[PDB]
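Here you get one chain, nothing else, as structure tokens; it is the form deposited in one PDB entry.
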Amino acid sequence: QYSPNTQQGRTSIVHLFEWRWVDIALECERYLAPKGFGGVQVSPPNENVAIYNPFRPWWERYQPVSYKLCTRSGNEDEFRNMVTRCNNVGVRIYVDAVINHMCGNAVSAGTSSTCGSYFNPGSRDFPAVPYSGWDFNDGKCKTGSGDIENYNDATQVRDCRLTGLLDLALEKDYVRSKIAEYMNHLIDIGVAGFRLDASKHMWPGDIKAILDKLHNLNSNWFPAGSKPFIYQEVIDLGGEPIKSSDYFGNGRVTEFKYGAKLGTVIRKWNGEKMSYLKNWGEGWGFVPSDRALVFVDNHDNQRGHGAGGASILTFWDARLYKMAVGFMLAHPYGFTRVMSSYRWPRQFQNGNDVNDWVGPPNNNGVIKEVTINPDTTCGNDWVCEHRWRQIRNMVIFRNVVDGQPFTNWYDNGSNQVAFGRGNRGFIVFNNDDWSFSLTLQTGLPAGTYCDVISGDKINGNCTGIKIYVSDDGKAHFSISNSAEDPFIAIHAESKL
């Protein structure tokens, strides 16, 4: 459960948040595969509640109605088409599995679902699965409201409703079997793994029982005995009785402390400085690297919805965001996930975004297609951070330096640091309010290297900054605190 199952040499997955299956299929072939991306995390592919008030919010997708592969992203045929085309190009698909609950208990009964399925929350009836009152934890939860009221009580966190969402009785073999039936349908289709949504709200033992019911990956694309990659979303910033280490026996876990701390350091909040990143990793109290799924921001905290708070960096903070993603992709700790979002009209009031519910770009509720501009950026309000030169080139950087050790660290005791990955790559950062001009040991073989942040290596020439490494591995770096991107990265494959 701990191996990504990506093609050898591809080290990152990208979250194409709210994308349509047809657009992802095209993206696998025209961009992801050629640029070395390992895989894609897709939004929940199962039928969800169609919410009109507010108008089709992104979060309606986390309120399951059935396990039919029928959503605003497409139907089952389009989904299977996407998985097949992506796999044939070496790009894996990871499914966001919402298995802890069904929709909100206060949702009106009827057929306001993305596939017309009938459901009645009030009487606990979901005939399309089917589930009945016997399949929920209503009689097991002990809070007066029936919802989770206190995260200091590890029991109610698991047996009660997360903000009203009907909680499935995951201890019952019947329920475990319906969930496995759903996941095995996907595995046999060709998915390589899953993001287990709201894992903190499920007992580690119940999750394991479900995982034991899973098939090995489809033998038409994966070697015999391959097990699906599992990463569990468990928000553990300390201070709570539930620890992410309790879930190590099932697979990897999301390390939310990662983005939170990187954000405060790069923003230079309360005395924090980049020189402190010298021992970044377990040294900061993070989970073991081989159990970590890291990221700068996720679909939740980029809109102030999960954990991370005000320190989280997003595409809105473009300049600092590229630097944070750059550091993440160059550093050896964990398995990296790149975020890819859409723009929404943020409207802050008393420090809060009242439009944090806004769903993906659409026309009368129909999600807009991802259009590609002549300069390779996206239109129709899709941000496509994974297509930004600075981010795309660092995804390649991680591939090139994969396996290389963290070495040749340098820092000015403030916010100017640098380090290399074996003799395959080197990166320099300047986050101080003054210029950086120094000769450093890179550990790289002599030659002329193209800086992959400012430009590209276009066969024989660099479109941006060029770095010259001498015979002893030394090279001069000059970065003004006024540079568009205050950092430089060079690697074995950007050499001339």
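Residue indices: 1-based, along the sequence shown. The term rigid core refers to the most C-alpha atoms you can superpose between the two forms while keeping them within 1.5 Å.
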Comparing mean C-alpha B factor in the record for 66-74 and 456-464, the higher one is 456-464
State which stretch shows the higher mean Cα B factor in the entry: 174-182 or 345-353. 345-353
Which of 264, 145, 371, 254 ranks first by CA B-factor in the deposited coordinates: 371
Looking at 360, 334, 204, 271, which has the highest Cα B-factor in the entry? 271
Compared with the other modelled residues in the chain, in which third is the CA B-factor of residue 12? lowest
What third of its chain's C-alpha B-factors does residue 33 belong to: lowest, middle or highest? middle
Would you check the entry's CA temperature factor for residue 288 and let me know if it's in the chain's lowest, middle or highest third? lowest
Entry-reported Cα temperature factor of residue 445, expressed as the chain third it lands in: highest
In terms of the CA temperature factor given in the entry, to which third of its chain does residue 236 belong: lowest, middle or highest? middle
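One more form of this protein exists, namely the form deposited in another entry; it is left out here, but the text below deals with it.
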Out of 132, 150, 352, 155, I need the residue that shifts by 2 angstroms or more at the Cα between this form and the one not shown, core superposed. 352
Residue 305 C-alpha moves between this form and the one not shown by 2 Å or more, core aligned: yes
Residue 285: CA shift of at least 2 Å between this form and the one not shown after core fit? no
Core-aligned, does residue 111 move its Cα 2 Å or more between this form and the one not shown? yes
Compare the CA separation of residue 309 and residue 204 in that other deposited form with the one in the displayed structure, and answer closer or farther (the difference is at least 3 Å). closer
By 3 Å or more, the Cα spacing of residue 198 and residue 314 differs in that other deposited form; is it closer or farther than in this view? farther
